[PDB]
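A short worksheet on the structure shown next.
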Amino acid sequence: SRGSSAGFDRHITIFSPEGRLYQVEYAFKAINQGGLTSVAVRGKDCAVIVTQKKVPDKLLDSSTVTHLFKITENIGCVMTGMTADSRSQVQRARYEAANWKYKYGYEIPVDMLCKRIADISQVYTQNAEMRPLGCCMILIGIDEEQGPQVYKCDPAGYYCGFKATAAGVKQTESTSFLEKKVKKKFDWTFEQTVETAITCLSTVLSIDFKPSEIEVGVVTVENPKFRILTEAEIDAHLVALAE
Amino acid sequence: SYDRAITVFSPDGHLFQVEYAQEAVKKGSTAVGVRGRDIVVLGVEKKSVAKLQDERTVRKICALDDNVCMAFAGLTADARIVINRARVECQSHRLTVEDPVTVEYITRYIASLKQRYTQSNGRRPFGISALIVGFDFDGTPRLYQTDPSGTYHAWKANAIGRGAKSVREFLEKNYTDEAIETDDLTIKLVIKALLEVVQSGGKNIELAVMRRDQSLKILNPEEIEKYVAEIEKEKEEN
Amino acid sequence: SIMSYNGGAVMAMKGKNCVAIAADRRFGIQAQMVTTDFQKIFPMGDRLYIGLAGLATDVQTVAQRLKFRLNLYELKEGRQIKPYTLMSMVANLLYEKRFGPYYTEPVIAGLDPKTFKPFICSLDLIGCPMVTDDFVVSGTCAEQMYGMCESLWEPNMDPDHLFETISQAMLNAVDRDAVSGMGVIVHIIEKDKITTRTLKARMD
Amino acid sequence: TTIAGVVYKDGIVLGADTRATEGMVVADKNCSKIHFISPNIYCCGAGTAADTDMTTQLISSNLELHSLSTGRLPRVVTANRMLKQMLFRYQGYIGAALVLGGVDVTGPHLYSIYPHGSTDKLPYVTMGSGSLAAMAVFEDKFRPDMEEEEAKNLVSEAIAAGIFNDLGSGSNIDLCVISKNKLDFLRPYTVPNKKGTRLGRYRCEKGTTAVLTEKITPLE
Amino acid sequence: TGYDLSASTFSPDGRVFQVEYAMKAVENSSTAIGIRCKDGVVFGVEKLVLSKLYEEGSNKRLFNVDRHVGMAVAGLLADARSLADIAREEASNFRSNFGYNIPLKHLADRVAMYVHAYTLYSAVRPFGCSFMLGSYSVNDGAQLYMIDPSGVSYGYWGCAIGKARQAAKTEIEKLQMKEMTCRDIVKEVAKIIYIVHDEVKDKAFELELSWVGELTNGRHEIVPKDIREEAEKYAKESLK
Amino acid sequence: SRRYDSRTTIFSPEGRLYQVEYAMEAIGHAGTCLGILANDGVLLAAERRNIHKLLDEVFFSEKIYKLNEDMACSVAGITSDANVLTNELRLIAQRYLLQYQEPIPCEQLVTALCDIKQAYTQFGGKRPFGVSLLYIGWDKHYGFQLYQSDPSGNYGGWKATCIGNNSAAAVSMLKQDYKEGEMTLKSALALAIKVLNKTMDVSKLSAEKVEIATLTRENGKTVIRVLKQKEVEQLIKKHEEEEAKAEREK
Amino acid sequence: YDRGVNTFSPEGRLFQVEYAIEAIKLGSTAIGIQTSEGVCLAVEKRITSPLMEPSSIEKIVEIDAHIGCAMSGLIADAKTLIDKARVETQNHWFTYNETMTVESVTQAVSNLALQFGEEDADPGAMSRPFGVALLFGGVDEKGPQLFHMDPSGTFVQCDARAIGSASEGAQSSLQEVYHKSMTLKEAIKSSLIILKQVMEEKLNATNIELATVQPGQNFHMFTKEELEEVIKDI
Amino acid sequence: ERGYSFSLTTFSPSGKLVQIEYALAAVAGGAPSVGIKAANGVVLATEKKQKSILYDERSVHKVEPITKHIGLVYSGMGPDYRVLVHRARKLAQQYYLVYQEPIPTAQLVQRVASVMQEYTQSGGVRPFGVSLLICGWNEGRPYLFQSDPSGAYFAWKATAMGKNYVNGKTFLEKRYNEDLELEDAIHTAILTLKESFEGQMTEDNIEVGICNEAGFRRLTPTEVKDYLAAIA
C-alpha cells in the first residue's frame, strides 16, 4: 500500500528529518529480534545475571549453547540480538580487556570496558558503510571502593550505571518489575538478590522454567572471578523461591 | 581513496561527461588563434570588463616559455592548474633535454594529461579547450588546439569558447595566404574576427602576439584602439 | 667537534628587570673566516631574542623553522609569544630530531609580555630545557664564558651595568678563543626599549 | 646524576641532586630531576636529561588522559608498565634511567627502571652516576617501615654521600614525599654547600668598555 | 529495496534480508547431514549428478580442514571451498602459534567470527554456505559444531543442512546418537539420507560419507570402500 | 555505493556545476564583505550577523583574519570552513616565507589557494568549501593589491569589490563613487560606510553589526589596524552628518 | 551512476563493451590488407576544415621499424596504448636482442585492454575500456602479418580488415575483390579503390594517410608525391 | 573496511546543510543544558533525566573535564559526546606535550571546531549530534564557548541548548548581569534549569561544573543541594 521511502534516510544511518538515526533506532528492535530476554541485578555485595536458556531442539548439544561469556576471570557477560554479533562483541571485549591489562598493569574496570565497547558501537553508528552491530551486551564485575557493578552497552552506545536492567523482547516488562521491586524493598543480601533475580524472569515471562531452561552467572565478593551456576544451584534457588 | 569511475561510456559509446565539458568550453569566454607566416596571434574577449578590476590577474593568455604560449576557453580554475602543469612539463623538458621546448610536444603531453583524467578513477576531465601558440627551433610558427576529450590538432587558424564555430567558419573563408604576410594584416584579421563577438570592440578585447623567438608581448590598448580605427577605415572604403 | 666545526659563542644574563643577550659575529669554515658580520641573535618577539651556536647550517635551519612555527602560532592565537612557551616549543623542535639532531645549543632571552620579568634559558643539541636565573651560555667558548659569568654577574643590575658586564664577558671570552670572536653583537632588552650594539673587539 | 627513592611506613620519599652537567663542566645547579606525573606519582630521571624530561612529560600526559577517562587516581603500576614498554620499543636508545615512586590505591610503590626497558620493584632504589654512594648509604642505614623523618634523613644522607663522592652531582638536594594523604614537593630541601662572597669586588661603569655603534628602537 | 540490498543495513524492523537470502541459497542446495556419537562423528552429504560423465568424488562437499577436523558443507560450493581454505589456514596458524592441533570449539568459534565479519560491510556479502565441522580428541571426545551462513556456531548431537534437513532430523530423533557406535551409525546415516533424498525430485544422485573419531586414531578420513558398499546395501534394504 | 553516493565531483548535463552554484547562492545570503583600495592603503568592511547580547565578542575580528605579516583576509559564508581555510593559508604563507626568506606575494598565495580549492572541486567526492575569500595585502611587486576568489577556484584582481547580499548594488555604488587613482584613505572610508549602509539597508548601519579594518604601509612596514567600537561610532556619526548635509543641499 | 563498470547484460555480456564497439563504428574508416609481399594500412583523415593541418591528423603510427598501426575511435585514448605497445616492444628488444613479434605485441596490447574498474586495482589505473579498434600491420619471422585488435581484447589475425564508420559492407566488398595470391601493388590498389568508393567526401592526398611494411624495407609511410602517383592510376 | 570517500554532507540547492539542520534538531531533542559566565568564572549546568530509579544516576557522569582548567557539557547524543571529549582530551594533552603550557580554551575550541569540520566535509561519516558548552580559565580570565554540530564556534556569555533553548536564551538574557559574581552565576543557572526542568529537579538530576582561577571542578550533590536550597 504505497510503501514509499525517503531516499537513504531510512536505508543507511544518516540524519533523518526528525533528528533521528533510523538504522540506529532499528537496532533497538534488532535486540528484540533475538527473542530472548536477559535481566541482570546487583546486590549490596553481589551481582547476578539470570537468563533463560532456549532449547529449540534436543538434537543440538544444549550443554554447548551456553550464552554466558567470561570476558575475563572476574568479568562475565550476556548479550541479546544476533548471536554472531554477540560472539563478535564478546571477542572484541576480551581483546580490549586483555589489552588494558597489559597496557595498564591491572584488571580493566567494568565501567571503562563498557565505555570502550560503547565507543566502538559509536564507531559503527558514525560510519555509514557498516552494519551497526544490532546486539546489546550486559556485563558484571566486582570493583574495589565501589562494590559490585553491572553495566550494559547498546548498539546506539548510550550506556549507564544501574542497579538492575534487562535486554530483550520483554525488557520493558522487566523494567516495570524492577521499578516495583525497588519501590517495595531496598535492603538486599545475597540470597535476597538472587531470589529477586529469579523472580524478575518468573513474573515477567511466566514460564515456570525448568532448571535446565536458564543460565545464570554471578560475581560475589568472596571469589570475584565470574562463576556460572550449574543445575544444582539453579534447583536450589528455584525451590528456595518456591517455598 | 576516491576512485568512483566518473567518465564512463554511455549508450552508443558517447562520453556524456566529455560533451558536458565541451558545453562548459562553449559557455566560456571567447578566444581565437591565428598562425601567421611570421607570427602567432591570440585574441581573447575580455567580456564583462567590470571596471575597478585588475585585468592582469584574469588574463587568459599565459606564456609557458620564451617560445610557447596558450589561451584557454572554459573553466578558469582548471585552466590555471593546467597552465601550472604545463609550466612544470616545459621546465622538466628543458632540464632533461637542455634544448628549447617543442610546441607540439607540450600540446601532446597536455592532451595525455587530459586523456589520463578521462581514463582515471574518481576524476573528471579538464573542461577547457586550449589554443597553444609557439615557434619551433627553426622559427616555424605552430598553432595547436586541444579539447577536453584529449584530441589535439594543428590548425592554421581557429577559435575556442563562445561563438567558436561562427568565428572559425568566418576565418576558413576569410583566411588567405597573402592576408597574413605582415603583423598589421594578422592583427587586423584577428580584430575583425573578434569584432563580431565583442560589443565594445576595443576595450573588452585583449591581443597577444609572438614573433619568431622574439619575447612575445601583449598588444597595447592604444594599438588596439588605433587598429580598430584602421579596420573601420577599411570598412568605410569597402 | 661538529658544534665546533664553525665555532660560536652566545650568552644571556638578567638585570634588575632587563635582559642582556650577546653573541659573536665571526662566520667561517673551521680554518678560514668568511664573514665577520654574521647574525646569530634573532627576534622571536618584540621583547624576546634567541641566540644560536654550533653548526652554522643547523643554526640557520633551526632559526627558519622556529620562525615558521612561531609565526604560525602567533597568527593562530593572537598574542605575542610567552618566553616559556617559546623555549618549550623550540625544545620540542630539537627533540623531534632525536635521531637526526641539529648540532646547535641555543639560548633564549627576553621579558614577560605583561610582567616584564627577565627570562633566560638554554638548550642543547637534543633540546634539554635549562632555566638558570643568573646567566646561560653556549658555544665553543663555553668554559671561558662560564668562568667569566660566574664572577662578573651580580643580581639586580641596571641596564647600563648589565651591558658593561656582558660586553666585558664576550670580549674577554672570545679574545682567548680561536674559533670565535671577530666582533660581538649585544642586545639589551629593557622595559621600554632595546639597544643593539657592536663591540670594538679584536678582529683577529 | 644522583637520584634515590625509598618506601617508608606511610609512602614514598624521592630525592635528587641538581648538578646537571654536559661534557665535564657543570651546566646548571638547579636541575629539576624529580618530575611531576600525577598528584600521587613522581619520577626521578638520570642520564640524557632531555630524554628523561620528554619521557616524564609523555608519561604524565598519558596518565592524565587515563585517569581523567577512568575517573580514578593514576597507578604506579600503569606508569611503570608504560615506561617499560616504550623504552623497550626504543631498545634503550632513550638514555633515561628512572626511579618511579608513588602512592596508589593498592599502596605505596617504588620501581627502578633501566633505559633498555627492564624494571624492578624494590623498597629502596638509587640511580645515576653517583648511585653507588646512595646505594651504600641505603644498604647501611635502611630499615623496613621507617618513620617520615627517618626516611627524609636517610634520603638526605644518601644524596649528600652521592654529591660528595661523585663528580656530577651537587649544589642542592630535592625532596618529594608522597603518602596516602599528603603530597609534599620541597625543592630546596637543604643546601649543604654555600658560596663565599668575592673578597675583592671589581665593577665597571660606562666608559670603561669601548662600543662602536648604538641603535635605540623604543617600544611600547 | 534499501532493507535487502546489503548486509550493512537493517530492515525497518531490524532484519538482515541478505542473510535471509543466503539462508535460502543454502536451503535449496543438496542435503548434508552430520551425526556425532560417543566414539566418532560422521558426515553424509548428498551429491547431485548433473550428468553421469562426472567422476565419483568430484566436487566434494566434504573437506578435511585439519588433521582431525572435517567439514561437511551445503550451499555455494566455491564459497564452501574458500571457507575450507580459511579454516585450514586458521588451523595452520594455531598449530604454528601453539604447537598442537587446534580444538574444534575454538576452530568453529574463529571461523564463525570470520563468517560474521563478512556479514557487516556493504563491501562484501554474506557467505552462501553452511557447514558442519566434526573432530575428535583423546581428552575432549567426539565433537561436532554446525555453523550458519550468519556466523553462529553451536554443538549438535546431530544436524542436517539442506532441503530435507528437518525430515532427516525428525526421523533420526529415534536414534540416541549421544552414546552410539560409529560403525552402525554410518549405516543409519546411509538409511536416513536415502529416505530424505527425493528420487522424483533428483533422479540421479550420489553419496559422500566419512567419519572422524577414536577408530580413526583421531585423524579425519573418508569411509573405506568396503564399509561404503555395506552401508549402501543396508540403506537399500532399509528403503523397503 | 553507486545508488548512495552523492557524486558531487562530477559534471552536469548543461555544463554548469551545481555544487559551486549552491555555494555561491549560500554566500549570497551570507554575511557582507567589502574590500576597497586607496592610494595609501586598503580597507575592509565586514558585517557580523549573529549579534546576540550573549556574545563575549572578545575577539579582535570575526570574519577578518591575518594571513601573514603583510596580508589580511575577509571570509564570507561558513565560518568553520573559514577557520580551516585561514589557518591553511597562514601555514602556506609561512612556508613560502621559510623557503624564500621574503614575504609571500599576495598573488602567489591567492593562486595557491585557488589551486587547492579547484582541486578540491575537481575530485575527492566532497562538498566544496562554500566560502568566498577577499584578500588584501602589500608586496614588493605591486604594493597595495586586493583579490576576490570564489569557491569554484576562480579569482580576480579588483580595485574594489563586495560579496554578500545586494552585491550588484554594492558594485554599482563602487563604480559610481570610486575615484580611481585619486581615492585617499578618508574618501575610501566614506565610500565603505556608504556601501555598508546601502547594500544592507535592512537593519540600518550599526556600530556592533559590522567590523572595519585598514591596511597601510608606514616606514616600509605593513600595519593592519582594526578600528575600535568608538571608531565605528565615529564613522556612523560622519556618515549621518554627510548624508544630512547632502540632503539639506538637495 | 547506478550502473557500474563491471556490470553485464541479461544475456551475459558487458553493455559497456557494446557501447565501446558502437563508438568503434563512430570512428574513422580504416583499411588494412596483408599479402605475401608485405602489409598496407590506410585511413580516411576526415578533415573538418581546411584550416586544420593535415600533418597533425595522422591515424597511422609506427610501433617499430617493422610494425605500423591504424587506429579508429577515441584517437586521444589510442596514443597511450600506442606508447605502451612501443615501450613493450623496445623492452622485448632490450631483453632478447630481437625485434618483438607482431603477435606478441598484439597479445600484450590485449593484456592492457579491458583492465579498468572503480575499486579493483591500484587507484592510478584505468576507469573505462579503450574505445579504439586497431590494425597491427607488420613484418617479422612469420612473414607479413596483420592483426585486428578489438577493444574487447578479442585479438584477431586477419588477412584484410576494414574498420570504422564504414566497416561492414566495405569489408565484404574488399573480401570479394581480395585474393590469396595478390601482390603488394595489387593490395594497395585494391585498398585505395575501396577507400575511395566508401569515402563520404571527395578524397585526395590531404584526406587519406597511407603506410606500408615490407619484408625487406622498414615501415614506410607514403608521402604526398607517391600517394598521387598511386592514386592517379585509380 | 573500505571507507566511503564521498561526503555524506552535501550542499542543498539553497546551500543549506539540511543534514546539519537535522543534527541540530537532534541536539534540540536531546537533554537540555545551560552555561553562564561571571565576572570571575564560568558555570556549566545540565540535567540527567534517566529512566526509573533502577539506573544508578551516580555511576555515570555528563559534565566532563578536559584539563585542570577546562570542562565542558553537551546537549545531544552521549555516544558522540564520548568520542568528542576523548579526542579533545588527546588534543589538549598533545598541546601540553609540545608547548609545556596549559591549553588555552580558545585554541582547544578551535581544534574541536576543526575536528567537527573535518567530520562534516569528509566521507563515510555522520556529523556529530551534540552541542558543546565549554568552560575554561587561562591568563586569569574566564571563557565560555558555544560549539555547534556545524563546526563553527562562538564565545557566549550565556547559552542554553536543547529543548526550549530559545526561551532559555531569552530567560538568560533577562536574568544576566555584566558584573555578577560566581554565586549570582550559580543562582541564575539553577533558576534557568528549574524553569526548564519539567519535573521537579533533584540534586541527583542536576550536575554542575565551575571553572575559575582555581581550575575546573564538578560540584558534588552535597553542595549542589545546598545551592538549590539557598536558591529555592
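Letters for chains follow the order of the C-alpha cells (A, B, ...), residue numbers begin at 1 for each chain, and ligand numbers begin at 1 in the order shown.
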Discussion item. Excluding region 186-190 of chain C and its own-chain neighbours fewer than 3 positions away, which residues fall within 6 Å of it when counting only C-alpha atoms? Please give them as number ranges by chain.
Written reply: C: 18-22, 193-197
Worksheet item: Within 10 Å of chain C, which residues of chain F show up when using only C-alpha atoms, listed as a PyMOL selection string?
Response: chain F and resi 59-60+65-69+83+86-88+90-99+101
Those selected residues, please, written with N, CA, C and O atoms and delivered as a compact mmCIF listing (two decimals), in the first residue's frame.
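New file out26.txt:
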```txt
# COMPACT_ATOMS: atom_id res chain seq x y z
N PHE F 59 36.99 38.66 20.72
CA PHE F 59 37.91 38.55 19.60
C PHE F 59 38.11 39.91 18.93
O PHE F 59 37.21 40.76 18.90
N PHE F 60 39.31 40.11 18.38
CA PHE F 60 39.60 41.34 17.66
C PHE F 60 38.75 41.46 16.40
O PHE F 60 38.28 42.55 16.06
N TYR F 65 40.73 37.98 9.21
CA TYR F 65 41.88 37.31 9.79
C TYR F 65 43.15 37.87 9.17
O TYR F 65 43.11 38.60 8.18
N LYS F 66 44.28 37.51 9.76
CA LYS F 66 45.59 37.95 9.28
C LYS F 66 46.33 36.74 8.73
O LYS F 66 46.80 35.89 9.49
N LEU F 67 46.42 36.66 7.40
CA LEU F 67 47.07 35.52 6.76
C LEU F 67 48.55 35.46 7.10
O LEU F 67 49.08 34.38 7.41
N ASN F 68 49.24 36.59 7.05
CA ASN F 68 50.67 36.64 7.34
C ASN F 68 51.02 38.07 7.75
O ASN F 68 50.14 38.88 8.05
N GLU F 69 52.32 38.37 7.77
CA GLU F 69 52.79 39.65 8.28
C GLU F 69 52.21 40.83 7.51
O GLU F 69 51.98 41.90 8.10
N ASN F 83 37.70 29.13 9.13
CA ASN F 83 38.81 28.93 10.05
C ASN F 83 39.84 27.97 9.48
O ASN F 83 41.05 28.24 9.52
N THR F 86 41.64 29.67 6.65
CA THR F 86 42.55 30.72 7.08
C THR F 86 43.83 30.14 7.67
O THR F 86 44.92 30.64 7.39
N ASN F 87 43.73 29.08 8.49
CA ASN F 87 44.98 28.58 9.05
C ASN F 87 45.78 27.81 8.01
O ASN F 87 47.01 27.79 8.08
N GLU F 88 45.12 27.21 7.00
CA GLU F 88 45.87 26.65 5.89
C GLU F 88 46.62 27.74 5.11
O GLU F 88 47.78 27.56 4.73
N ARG F 90 47.63 30.63 6.33
CA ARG F 90 48.75 31.04 7.17
C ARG F 90 49.90 30.04 7.08
O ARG F 90 51.07 30.43 6.98
N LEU F 91 49.58 28.74 7.11
CA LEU F 91 50.61 27.72 7.03
C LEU F 91 51.40 27.84 5.73
O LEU F 91 52.64 27.84 5.75
N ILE F 92 50.71 27.96 4.60
CA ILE F 92 51.42 28.00 3.33
C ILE F 92 52.15 29.34 3.14
O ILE F 92 53.23 29.39 2.53
N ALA F 93 51.60 30.43 3.67
CA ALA F 93 52.30 31.71 3.61
C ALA F 93 53.61 31.65 4.39
O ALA F 93 54.66 32.09 3.91
N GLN F 94 53.56 31.08 5.60
CA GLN F 94 54.79 30.91 6.37
C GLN F 94 55.73 29.92 5.70
O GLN F 94 56.95 30.02 5.84
N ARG F 95 55.18 28.94 4.97
CA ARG F 95 56.02 28.02 4.21
C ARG F 95 56.81 28.75 3.14
O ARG F 95 58.01 28.53 2.96
N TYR F 96 56.14 29.65 2.40
CA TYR F 96 56.84 30.46 1.42
C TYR F 96 57.87 31.36 2.09
O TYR F 96 58.99 31.54 1.57
N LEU F 97 57.52 31.94 3.24
CA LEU F 97 58.47 32.78 3.97
C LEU F 97 59.71 32.00 4.37
O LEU F 97 60.84 32.50 4.25
N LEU F 98 59.53 30.77 4.85
CA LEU F 98 60.67 29.91 5.17
C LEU F 98 61.49 29.59 3.93
O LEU F 98 62.72 29.62 3.97
N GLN F 99 60.82 29.27 2.82
CA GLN F 99 61.53 28.78 1.65
C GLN F 99 62.30 29.88 0.94
O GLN F 99 63.35 29.61 0.34
N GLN F 101 62.71 33.37 2.39
CA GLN F 101 63.14 34.47 3.26
C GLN F 101 62.65 35.81 2.74
O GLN F 101 63.38 36.81 2.73
```
Worksheet entry | In region 72-139 of chain C, DSSP alpha helix (DSSP H) residues written as a PyMOL selection string | chain C and resi 72-77+83-95
Worksheet item: Skipping near chain neighbours, those fewer than 5 positions away, what residues fall within 7 Å of region 76-87 of chain H using only C-alpha atoms, listed as a ChimeraX atom specification?
Response: /A:118-119,122,157-158 /H:26-27,30-31,128-131
Considering only C-alpha atoms, give me a table of residues in chain H that are at most 10 Å from chain B, with the closest atom pair and distance in Å for each, as CSV.
```
residue,atom,partner,partner_atom,distance
H:2,CA,B:1,CA,8.8
H:3,CA,B:1,CA,8.1
H:4,CA,B:2,CA,7.9
H:5,CA,B:2,CA,5.1
H:6,CA,B:2,CA,7.3
H:123,CA,B:2,CA,9.4
```
Those residues you just picked out, can you put them in a file as a CSV table (one decimal), in the first residue's frame with N, CA, C and O atoms?
```csv
chain,number,residue,atom,x,y,z
H,2,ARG,N,36.5,-0.6,4.0
H,2,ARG,CA,36.8,0.2,2.8
H,2,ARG,C,36.9,1.7,3.0
H,2,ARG,O,37.9,2.3,2.7
H,3,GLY,N,35.8,2.2,3.5
H,3,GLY,CA,35.7,3.7,3.8
H,3,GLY,C,35.2,4.4,2.6
H,3,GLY,O,35.8,4.5,1.6
H,4,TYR,N,34.0,5.0,2.8
H,4,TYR,CA,33.4,5.8,1.7
H,4,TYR,C,34.2,7.1,1.6
H,4,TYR,O,34.4,7.8,2.6
H,5,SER,N,34.5,7.5,0.3
H,5,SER,CA,35.3,8.7,0.1
H,5,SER,C,34.4,9.9,-0.4
H,5,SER,O,34.9,10.9,-0.8
H,6,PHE,N,33.1,9.7,-0.4
H,6,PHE,CA,32.2,10.8,-0.8
H,6,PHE,C,31.5,11.3,0.5
H,6,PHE,O,31.0,10.6,1.3
H,123,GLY,N,34.2,11.9,4.0
H,123,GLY,CA,33.3,10.9,3.5
H,123,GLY,C,33.1,9.8,4.4
H,123,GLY,O,34.0,9.5,5.3
```
Fill in: Long-range neighbours of residue 116 (chain C) as a PyMOL selection string, 8 Å cut-off, only C-alpha atoms, 2 positions minimum in chain
chain C and resi 17-18+111-114+118+191
Item to complete: Write out as a PyMOL selection string the residues lying within 12 Å of residue 202 (chain D), counting only C-alpha atoms and excluding same-chain residues fewer than 5 positions away.
Response: chain C and resi 151-154+165
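Shell of residue 87 (chain G) at 10 Å, with only C-alpha atoms counted and residues fewer than 5 places along the chain excluded, is residues 63, 64, 81, 82, 92 and 93 of chain G.
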How about saving the chosen residues, N, CA and C atoms kept, as an mmCIF file, in the first residue's frame?
```cif
data_model
loop_
_atom_site.group_PDB
_atom_site.id
_atom_site.type_symbol
_atom_site.label_atom_id
_atom_site.label_comp_id
_atom_site.auth_asym_id
_atom_site.auth_seq_id
_atom_site.Cartn_x
_atom_site.Cartn_y
_atom_site.Cartn_z
ATOM 1 N N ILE G 63 54.882 1.595 -34.576
ATOM 2 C CA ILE G 63 55.210 0.925 -33.322
ATOM 3 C C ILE G 63 56.680 0.532 -33.285
ATOM 4 N N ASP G 64 57.204 0.073 -34.415
ATOM 5 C CA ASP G 64 58.614 -0.247 -34.561
ATOM 6 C C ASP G 64 58.957 -0.117 -36.038
ATOM 7 N N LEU G 81 47.875 3.759 -25.475
ATOM 8 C CA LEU G 81 48.092 2.352 -25.783
ATOM 9 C C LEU G 81 49.222 2.183 -26.790
ATOM 10 N N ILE G 82 49.339 3.112 -27.739
ATOM 11 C CA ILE G 82 50.416 3.041 -28.724
ATOM 12 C C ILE G 82 51.769 3.209 -28.044
ATOM 13 N N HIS G 92 61.148 -5.760 -25.001
ATOM 14 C CA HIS G 92 61.425 -7.091 -25.533
ATOM 15 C C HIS G 92 62.736 -7.107 -26.309
ATOM 16 N N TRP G 93 62.985 -6.066 -27.106
ATOM 17 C CA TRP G 93 64.255 -5.970 -27.824
ATOM 18 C C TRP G 93 65.428 -5.865 -26.856
#
```
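Ranking F:140, F:194, F:237, F:7 by their shortest atom-to-atom distance to chain B, with only C-alpha atoms included, puts F:7 first.
Counting only C-alpha atoms, residue 109 (chain G) has the following residues at most 9 Å away, ignoring those fewer than 3 positions along the same chain: residues 81, 82, 84, 85, 104, 105, 106, 112, 113, 149, 153 and 155 of chain G.
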Given the selection you just returned, output its residues as a file containing N, CA and C atoms, formatted as a short mmCIF file (atom, residue, chain, number, x, y, z; two decimals), in the first residue's frame.
```
data_model
loop_
_atom_site.label_atom_id
_atom_site.label_comp_id
_atom_site.auth_asym_id
_atom_site.auth_seq_id
_atom_site.Cartn_x
_atom_site.Cartn_y
_atom_site.Cartn_z
N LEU G 81 47.87 3.76 -25.47
CA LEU G 81 48.09 2.35 -25.78
C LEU G 81 49.22 2.18 -26.79
N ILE G 82 49.34 3.11 -27.74
CA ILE G 82 50.42 3.04 -28.72
C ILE G 82 51.77 3.21 -28.04
N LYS G 84 52.42 2.53 -24.91
CA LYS G 84 52.66 1.31 -24.14
C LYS G 84 53.15 0.18 -25.05
N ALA G 85 52.54 0.03 -26.22
CA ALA G 85 52.97 -1.02 -27.14
C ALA G 85 54.40 -0.80 -27.60
N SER G 104 52.93 -11.19 -30.51
CA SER G 104 53.16 -10.93 -29.09
C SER G 104 52.82 -9.49 -28.73
N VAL G 105 53.11 -8.55 -29.63
CA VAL G 105 52.71 -7.16 -29.41
C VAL G 105 51.20 -7.06 -29.28
N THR G 106 50.48 -7.76 -30.16
CA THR G 106 49.02 -7.74 -30.10
C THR G 106 48.51 -8.38 -28.82
N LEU G 112 46.79 -5.17 -21.89
CA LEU G 112 46.46 -3.84 -21.40
C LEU G 112 44.97 -3.53 -21.58
N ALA G 113 44.35 -4.06 -22.63
CA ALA G 113 42.94 -3.80 -22.88
C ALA G 113 42.07 -4.48 -21.83
N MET G 149 42.92 -5.83 -33.63
CA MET G 149 42.75 -5.72 -32.18
C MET G 149 41.39 -5.11 -31.89
N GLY G 153 39.41 -6.97 -26.33
CA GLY G 153 40.51 -7.86 -26.05
C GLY G 153 40.53 -9.12 -26.89
N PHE G 155 41.66 -10.32 -29.71
CA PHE G 155 42.58 -10.02 -30.79
C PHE G 155 42.43 -11.06 -31.90
#
```
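The two atoms in question, CA of residue 13 (chain C) and CA of residue 120 (chain C), are spaced 6.7 Å apart.
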